[PDB]
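Read the single chain below, which is given as structure tokens and is the form deposited in one PDB entry.
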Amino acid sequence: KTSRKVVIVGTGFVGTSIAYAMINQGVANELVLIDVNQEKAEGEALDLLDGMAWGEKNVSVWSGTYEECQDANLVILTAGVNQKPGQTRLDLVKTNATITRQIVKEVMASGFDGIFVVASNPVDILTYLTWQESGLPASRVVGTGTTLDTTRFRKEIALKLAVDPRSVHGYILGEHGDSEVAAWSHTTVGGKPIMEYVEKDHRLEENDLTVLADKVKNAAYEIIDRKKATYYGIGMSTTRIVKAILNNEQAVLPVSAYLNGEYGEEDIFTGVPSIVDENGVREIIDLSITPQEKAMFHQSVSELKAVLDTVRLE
């Protein structure tokens, strides 16, 4: 059986946007949608499958139970809940941590033995929990890490220099948030590193690097303020990841990888460039970032760890 089967848990804005991006790109052969709200999951499957005759790939789409994970190649997790009046932000994390653990159990219980792709927030945390609960090797639990932040980073640079975003090569490291690292020292465009555009070409200036960096950090806020939520950007990032896994591409993507000394941190999943293939994450690419960039990464991972301890299971 060469048929590729992907299960998407959670049929909200994110799950359905991922599914649609996958169908239009023709990435998988079978998409199973799972959601506590069975009617919603069915309504989505119906709608997503309607236009297939006009598509470039013949993808099967249907709503189902966890039994379907038994022979799935990979399971994408996006299921979660909203902020409820009467609960703190941490309360919410423990809630999504509980939900993610419940799902991970049902999935494993079906005899699933593929690869996990964690997209629900907070990704780094839930990725770590999925790892513990699943009992699977770290490399087979892939979080979305900083793929969205990285694509936004490239978008901003492309807009500034008027170049194809696919021609920008740089990354956003760490955990998504105020402490994410915009690794300018390791960002290039056509072979020319950003700091060369600055120092030697004088095409950009330090201030620009700061402005661009902030835009990435504030991207979710600007979007959420205008359309209530963000999901298209993440839909494409997740599909990119699934693509690299299913096609054993051995491509580099800044996903959530289990660190074991790289960047000077260990025992946590965070966003860093990594080689992705059919077995998950093969290895991390340890960039020799500047002391300022690394101190910012350390800080980023520190905050990550604080929260992780507040929910982590022994």
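So that the term is clear: the rigid core is the largest set of C-alpha atoms that superpose within 1.5 Å between two forms. Residue indices: 1-based, along the sequence shown.
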| property | result |
| --- | --- |
| Stretch exceeding the other in mean C-alpha B-factor - 280 to 288, 48 to 56 | 280 to 288 |
| Mean Cα B-factor comparison, 98 to 106 or 216 to 224, giving the higher one as deposited | 98 to 106 |
| Top Cα B factor in the deposited entry, candidates 169, 243, 84, 160 | 84 |
| Selection from 274, 29, 248, 65 [criterion: highest C-alpha temperature factor in the record] | 65 |
| Residue 130 - which third its CA temperature factor falls in, relative to the rest of the chain | middle |
| Chain-relative CA temperature factor third for residue 254 | lowest |
| Lowest, middle or highest third - CA B-factor, residue 300 | highest |
| Third of the chain's Cα B-factor distribution that residue 184 belongs to, per the entry | middle |
| Entry-reported Cα temperature factor of residue 88, expressed as the chain third it lands in | highest |
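As for the form deposited in another entry, it is not shown, yet the points below apply to it.
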{"property": "Comparing forms between this form and the one not shown after core superposition, the one residue of 260, 65, 279, 38 displaced by 2 Å or more at CA", "result": "38"}
{"property": "Core-aligned C-alpha movement of residue 87 between this form and the one not shown, 2 Å or more", "result": "yes"}
{"property": "Core superposition between this form and the one not shown, C-alpha change of residue 214 at least 2 Å", "result": "no"}
{"property": "C-alpha of residue 223 off by 2 Å or more between this form and the one not shown on rigid core", "result": "yes"}
{"property": "Direction of Cα pair change residue 226-residue 122 in the other entry, magnitude 3 angstroms or more", "result": "closer"}
{"property": "Outcome for the Cα pair residue 230, residue 59 in the other entry, compared with this form (closer or farther; change of 3 Å or more)", "result": "closer"}
